[PDB]
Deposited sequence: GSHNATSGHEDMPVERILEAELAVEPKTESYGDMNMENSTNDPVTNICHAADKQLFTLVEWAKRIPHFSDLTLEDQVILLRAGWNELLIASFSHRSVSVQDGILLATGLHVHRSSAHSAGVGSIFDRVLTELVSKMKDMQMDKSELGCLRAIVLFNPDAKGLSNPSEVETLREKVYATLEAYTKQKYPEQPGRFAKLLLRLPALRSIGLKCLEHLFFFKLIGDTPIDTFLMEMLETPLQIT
C-alpha cells in the first residue's frame, strides 16, 4: 500500500521568482495516496510542510558539496554570504544538525523521501477534516522506512531511530527559518 519504490520515484522525478514550489506539488502528487486526499487537506499539508520539506531537500543536496548550502536553482551559498545577510547562526544549524548528520550516516534518497513523506503526512496540521487518514498514511511510510532500513542496513539496528531523530531538529530549524532565513539580499537594484 506504500511502496519504497514509489517514494524513491517521487524524489528522482523532481531531481522573483518564484515559483518552483511547483516542484513540491509535483513531488507530493507522486507520493502514494496523497492525491486521493481532499483538495483542501492537500493544500493544508503543503502549506504546513513546505518549509521543512525544502530544508530537508536542500540539506540533502548539500551532502555532495563543500562547506555551505547547494540551493534549488543551482546556487551554491557559502557561510560568509549567510553571516552577511544576518542569518549565520541558522545556516550553522543547517550545516551541523542536518547537513553534517546526513553526510556522516550516508543517508540515501529513499530515506530522504520517506522522512519528507512523514513530514508531509502530518496529522497535527490544523484544519484537517480527517486527521486519522493522514495519521494512517504517516504510519505506512514509517513502516516502509523501518523495513527498508532493516533490509539495506542490516548491521545498523539504530538507523531507523537515527533517521526519525533528525525530525525534531528539522522542525526547530524550520520555525527559525520562517522567523528569519532564505534570501536575495543581493538587491542591489540601485536606482540612483
Checklist line | Sequence order list of spans that the model leaves without C-alpha positions, deposited numbering | finding: 1-10, 26-49, 227-241
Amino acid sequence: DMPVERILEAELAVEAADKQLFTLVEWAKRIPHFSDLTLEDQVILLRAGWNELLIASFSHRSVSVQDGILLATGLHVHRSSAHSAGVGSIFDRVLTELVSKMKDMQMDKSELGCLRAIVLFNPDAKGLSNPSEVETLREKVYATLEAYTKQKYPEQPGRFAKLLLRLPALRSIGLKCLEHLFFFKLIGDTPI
From here on, numbers count along this sequence of modelled residues.
Notebook entry, point to check: Is the mean CA B factor in the deposited entry higher across 28-36 or across 62-70?
Noted result: 62-70
Margin query: Per the record, averaged over C-alpha atoms, which has the higher B-factor: 72-80 or 116-124?
Written below: 72-80
Check: For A85, does the deposited CA B-factor place it in the lowest, middle or highest third of the chain?
Finding: highest
Note to self: Going by the CA temperature factor in the PDB record, which third of the chain does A16 belong to: lowest, middle or highest?
What the structure shows: highest
Checklist line | Where the record places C177 (Cα B-factor, split into thirds across the chain) | finding: middle
